[PDB]
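Working notes, beginning with the structure itself.
For clarity, chains are labelled A, B, C, D, E, F, G, H and I in written order, and residue numbers in each chain start from 1.
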Amino acid sequence: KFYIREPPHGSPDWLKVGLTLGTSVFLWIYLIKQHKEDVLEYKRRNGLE
Amino acid sequence: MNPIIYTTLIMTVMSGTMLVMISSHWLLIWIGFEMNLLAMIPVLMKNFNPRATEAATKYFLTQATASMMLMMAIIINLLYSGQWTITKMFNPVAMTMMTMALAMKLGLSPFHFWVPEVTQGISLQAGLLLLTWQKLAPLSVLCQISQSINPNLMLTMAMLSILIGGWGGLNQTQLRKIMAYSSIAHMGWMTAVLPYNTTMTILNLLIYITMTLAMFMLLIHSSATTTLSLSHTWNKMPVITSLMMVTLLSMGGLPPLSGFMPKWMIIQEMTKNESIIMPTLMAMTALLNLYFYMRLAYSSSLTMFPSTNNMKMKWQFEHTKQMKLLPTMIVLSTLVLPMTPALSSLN
Amino acid sequence: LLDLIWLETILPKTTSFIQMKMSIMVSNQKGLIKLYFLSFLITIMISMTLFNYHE
Amino acid sequence: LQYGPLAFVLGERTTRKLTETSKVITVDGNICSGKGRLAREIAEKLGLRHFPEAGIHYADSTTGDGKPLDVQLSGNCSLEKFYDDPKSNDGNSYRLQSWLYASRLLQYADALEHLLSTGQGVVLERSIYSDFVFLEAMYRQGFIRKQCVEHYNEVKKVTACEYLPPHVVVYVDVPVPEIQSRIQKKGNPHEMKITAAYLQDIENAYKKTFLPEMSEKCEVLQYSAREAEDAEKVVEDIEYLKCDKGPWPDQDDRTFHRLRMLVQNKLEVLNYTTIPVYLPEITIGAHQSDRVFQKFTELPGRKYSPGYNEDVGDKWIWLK
Amino acid sequence: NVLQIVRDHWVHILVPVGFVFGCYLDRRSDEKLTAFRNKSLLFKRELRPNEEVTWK
Amino acid sequence: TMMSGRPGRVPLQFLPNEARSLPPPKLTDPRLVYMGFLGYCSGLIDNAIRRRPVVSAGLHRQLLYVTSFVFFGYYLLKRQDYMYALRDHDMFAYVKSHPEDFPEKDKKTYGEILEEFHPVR
Amino acid sequence: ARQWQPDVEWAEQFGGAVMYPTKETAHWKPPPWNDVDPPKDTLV
Amino acid sequence: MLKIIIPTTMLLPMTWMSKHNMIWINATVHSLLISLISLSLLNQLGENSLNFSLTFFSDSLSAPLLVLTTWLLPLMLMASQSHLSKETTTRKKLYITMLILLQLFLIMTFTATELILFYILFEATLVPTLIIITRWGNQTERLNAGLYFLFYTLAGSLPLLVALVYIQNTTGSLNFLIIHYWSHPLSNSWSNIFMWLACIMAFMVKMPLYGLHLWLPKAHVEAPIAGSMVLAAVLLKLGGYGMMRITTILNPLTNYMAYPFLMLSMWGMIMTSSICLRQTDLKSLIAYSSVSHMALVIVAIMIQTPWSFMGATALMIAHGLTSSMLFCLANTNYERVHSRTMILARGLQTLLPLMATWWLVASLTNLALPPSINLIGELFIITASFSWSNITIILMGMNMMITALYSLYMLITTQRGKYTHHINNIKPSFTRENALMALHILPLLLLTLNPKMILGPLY
Amino acid sequence: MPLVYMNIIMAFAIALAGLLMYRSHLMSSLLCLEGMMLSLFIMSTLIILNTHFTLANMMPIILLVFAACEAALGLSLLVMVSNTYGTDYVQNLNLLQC
């Protein structure tokens, strides 16, 4: 074991873990939506379909 | 120094360089330079010792002289045309005065003498700010007036800077002086391509800033300011030594490391307009920078220097304050060559 | 005579000697501001007399 | 929130936690004295935290678990070999002296950090300011060379200047023959080899250098063997002192902030102990250094950070 | 006993899947250079009555 | 600099509306894959520096690294493609606008072009 | 039997103020470990 | 051709994800499998090269070199797992990572269709070799050697880059196919002369030339066994491949410009053959033999005739294999005796008979014994030079004699005579060393069965 | 150009040379800097008044303001130098070399 408090505890800091996971998910869905909007806009501007 | 005072001085330095880089008036640019110098002087003296005091004195004297000649150039340009806008600046005498003033502010040869000394006197944190951030404003002013720059003077000063940095770096054992001479050589490299294309100047500035940042934060992590003190960290943090060797290889300019991208590009940009001798001279001279980087790498990681007994105690303790942006800086300093074409986003 | 003496003397050893001499000459400054500020004055005069005189 | 510049910016200051009972207390005495029991009693009566004397394996009790490590991995020196063979040709004497000085420096940093963070005082059993008496005793007896004491002086000059001296210094004065009698009566087979000249040199260095120097910055309370048992009297003398001469009342909040940022992060505390000075006693070759470092890394809880060692039962690693 | 053997020898498929991915990548690269398929003056040829491409 | 001064150029846009007429890079673009690989390498280096199990210390941190690198790389690639397209468009427009400076020369065949022969001997 | 590694004699070349010591720079002293020169006994 | 490149980039993490005692087995097995896969590029069209994509193409000159590199990696792994037994797991993995990165860079170098990419990878090969030499050497000179091995290269190759970009500013492209199809003669002018020098000097110093060979003995002596293998077998052939690729544009300036280089190559081949006789070291003799053979290859490339090109390719492959085998044979004795002196351990035939047989076969293949591919390349080069000038044979003939002499000299000094009477730690040869020798020697005979695979595109 | 402009420019050049000569002291160089600033102020105000640039009239004043800052800065450093050495001589600033 450790005689010190071990600032990294036996369980992770769930606040920071949740913040990081939420940030990753938000960025991924934002990228997906942005790509969809961009391809739709390109198709509309070029008149392809 | 109080943390509030320190952060407000840093913010004032950044505000001064922002004022330089966003102003269309010559007087506002001069005001930004003055604010930058005034708020930068105490930052060097955060840790008080006679060496820091004399480094601050030399820096202040050099910057004050440069500002004086810069203002004289502005006044002469106003005299020969009632224009305040930062523009072509047709007058040759005023343009020469401004070129010399900005060269002294940057540290180009033969105005390089203050760079190795001041870096030696100040702390690594202070030194990092001086070598990285204090180059944006003069380079921006040079970029705005690049079309009027006389190629002969600028190229002569750039070649002198490269030669002097390469030769001076060969002799130093202190890490801060090595970094200062490397900075002089890099300033020469970026200044060389300025009359032809400022996009390459900006790209070289970005890559040099990334490499110098990674170098300095690695040096701060293993608190060593000399070659022998750096020869001990293999017995404490070998990963730091390996990353440091890779970063030194990148700074040397070896491919496929990122440090090869600016030089190559610059050479290409100088070949598009019938400049052949000068890039060859620059490459053969930067071989010297590579040599002393290689000597540092030999002393640091590729060999194992004898250690001390008390180092055993250091084995039981961890580094408390951890720099967040160090891994990103290392990665951008080494593995970013295949994304070379993205430089088109810089114009 | 050829490999260990003269081929070493011409390309590598001469280069090392010249670079060492130049490094010693460049990096030997006493640190006094007076001397290299006088050098700054000389540089300013040379630049203002040798570059912009012809336009 | 871990203390730092931001924690200092809003809220937390140091001078608002000092309750006039900080009183960094250092108890000094010659070999085999009653200084340890006196220090424990003073700490108990005054309500301060007692710091036992920094041994060879003091740093082992602060990291990981309190169990000491092997002598090869920590210290690389022994007191018994110094007592049996003080003039050994492997440089054990100065290696032990330097390791003990570094351990005392670490203990002083720990005590200062505790006092600044909590406000409760500390009672040490020997400080870095009185560690040089053993060095002078070794040098005068020919146990160590002059280059060793020069290296020690350089390390002390670059290290001890960053801290503050103890508020009050307590000295227990015991005559040399009484010390020899107590050593003989103790029973440890190695301490019976301590010559009288060694103890005499220790006490001479003490009385001639340490106390006169500390009298200019602190308050010195010399005692005797007979009056060192009634700890109530010494507690009364301590609590009826006039603390106005040292630099402690001349400390501002910024100075305390800098000192607190320095005492934690023990790497900066021990930075200047391993200066690149190549003395045969302390210098270690590359091969032995590599072997010993590899051996230390293979310890059960020393491979990774103190919270990322699955060997010692740490869980949820992949989410920390 | 699949657990231990799999957890110890899962590294023995990285090279084969790398080879398969390399073949797949070559084909993808291949599909982008069909600008002159069945248009060379030397190999121009009328199609079979069921085939649609000369080569893939 | 050549493209710093250009008519109808908003200063700090980083992505003009005119750039929306170009096809966006695919999400499986090899450059985006390299950006994600760079993020993974940065995460591994972060794990190594902090003295943590390099491969599997923090999965959320590595995921955030990769996501941030990919997110920045998408827009960087978009801007780079826009800049190259603009350069090509300007070059073609200038070539068309000045036919005298880029004339169509004759197309001679090798049967009438006389090239001197260098024997190897 | 084992790979050669630097010793004290090889390490001491990088201990001076500068490499390539000439007669003029032979009296140059290396800077103090902490960048604090000792106070001068200035009689004022 | 990503089916070969990707498996190497997968060899990297599987090496980094293997068990502590299973790294060598996995590395050897999968490197052998990758070499077997790369053996499929030998099917070459007689008309033109195989153009897989816009970046990678394979010719009749590239395929034997690729096969040689992919076959080399397992041999280096086998030879490296003897002196690295006491190393830690992380450093062993780092060594294997350096070897894998070097192979990957070589593979991408030999097939790059664009000259700037070829230069980038041909210079990227410098970092792993330098790290290996300066980190896993044995003596204190290795650092110096590394410095030489770096700068002698870079000072010769930095101008080339400029020339390359200059060409791209003049012709408009650097793709090899466009360069070959749109090639135009070079007029006689100082500008074109310096362009020729810039394009040639890098590959000249990478061979190396006689006057620029000083780095090779240092690099090949102070490097570990695998470093010596990769330096003497494939890393030398980079200059020859580059010259054979770049001489297309240099005509007709080459005929005037090749006289000093041809003279240097011939006289230096004679000089290095003579130097091999009076050598007290064992690895230096092999290094100077490599120098002589590469000088012959330089002459072949410079005279620029199809027979010379065929002989150059054959000699390159044969010399790579033979020098690798000789270095391994010397390394076994060095591990036995812990010294590099040639006359220290004598009469080893009475103690190690099979190793004596391997030494005899390697020495026989070193002195161009018929019908081995060494003699095929040497004889083609000699015939081409004789057509170039009837006097050259004299020099060539001289070299041949000297070659045989020093080869047999070594074979007589280390194997024949009586033992030293005081080296009692010469254990019997392991299975690993004999297997390494057999895997070195059998491909030479198998290739001399079917030589058209290693005769290059001019066949 | 009239003789007044050339006299002001010559004064600025003389002040710049005097700053660059560095005889013995440090206050003398600060005086040279202040003289250069005064010459710049005079030149700027003469140019502004001659061409009737109305809005530019506050330009010199701002100049003067920053001049004060520079002077203050220099004086501060001088004090520290004195407190380190008891004398403002520039010969003592030689702890750092190139």
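In this text, contacts are C-beta pairs under 8 Å (C-beta built on N, C-alpha and C of every residue); 3 or more make two chains touch, one makes a residue touch a chain.
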Key: Intersection of the contact lists for subunit D and subunit E   = none
Inquiry  = Comparing chain centres built from Cα atoms against the global Cα centre, which chain wins on proximity?
reply    = B
Ask   = How many Å are there between the centre of subunit A and the centre of subunit C, using C-alpha atoms for each centre?
value = 55
Note = Per the C-alpha means, the centres of subunit E and subunit I lie apart by a whole-Å value of 75
Ask   = What is the distance in Å between the mean C-alpha positions of subunit E and subunit G?
value = 64
Key: Length of the line joining the C-alpha centres of subunit F and subunit G, rounded to whole Å   = 50
Query = If you look at subunit H, which of its residues touch at least two other chains?
reply = 17, 151
Task = Give me the residues of subunit B that touch two or more other chains.
result = 50-51, 58, 61, 65, 113, 117, 120-121, 168, 170-172, 226, 228, 231, 303-306, 318
Message = Among all residues of subunit F, which ones touch two or more of the remaining chains?
response = 50-51, 60
Interchain contacts (touch definition) - all pairs = A-D, A-F, B-C, B-D, B-F, B-G, B-H, B-I, C-G, C-H, C-I, D-F, D-G, E-H, F-H, G-H, G-I
Complex contacts: residues of subunit H adjacent to subunit F = 17, 185, 251-252, 255, 304-305, 388
Task = Could you pull out which subunit F residues touch subunit D in their complex?
result = 50-53, 56-60
Ask   = Hey, which residues of subunit G end up touching subunit D in the complex?
value = 2, 5-8, 11-12, 15, 32-34
Query = Any idea which subunit B residues touch subunit D in the complex?
reply = 1-4, 6, 223, 226, 228-229, 231-232, 235, 304-321
Ask   = For the complex, which residues does subunit D have touching subunit G?
value = 154, 158, 272, 275-276, 278, 283, 285-287
